[PDB]
Amino acid sequence: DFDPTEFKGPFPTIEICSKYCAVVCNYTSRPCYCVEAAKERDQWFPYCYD
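And the structure:
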């Protein structure tokens, strides 16, 4: 994984991360969605990502 916006890890700011998630894997110009890993909860890793 890598955090383009904050540090190195999952996204906090999932709103902007939904945009970033898009540019991350598939949706470079399309809306995208982040999935939240439940253990830490805040693990906003894009639906197609690490």
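Quick note: the sequence shown uses the deposited numbering, first residue 1, plus one each step. A virtual CB, placed ideally from N, CA and C, is assigned to each residue, including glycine.
Where the alpha helix (DSSP H) through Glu36 begins and ends: Premise fails: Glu36 lies in the beta strand (DSSP E), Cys34 to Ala37, not in any alpha helix (DSSP H).
Alpha-carbon spacing of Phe11 relative to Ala38, whole angstroms: 13 Å
7 Å Cβ shell around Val23 - same chain, five flanking residues per side excluded: none
Alpha-carbon to alpha-carbon, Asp1 and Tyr49: 7 Å
Distance, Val35 Cα to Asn26 Cα: 15 Å
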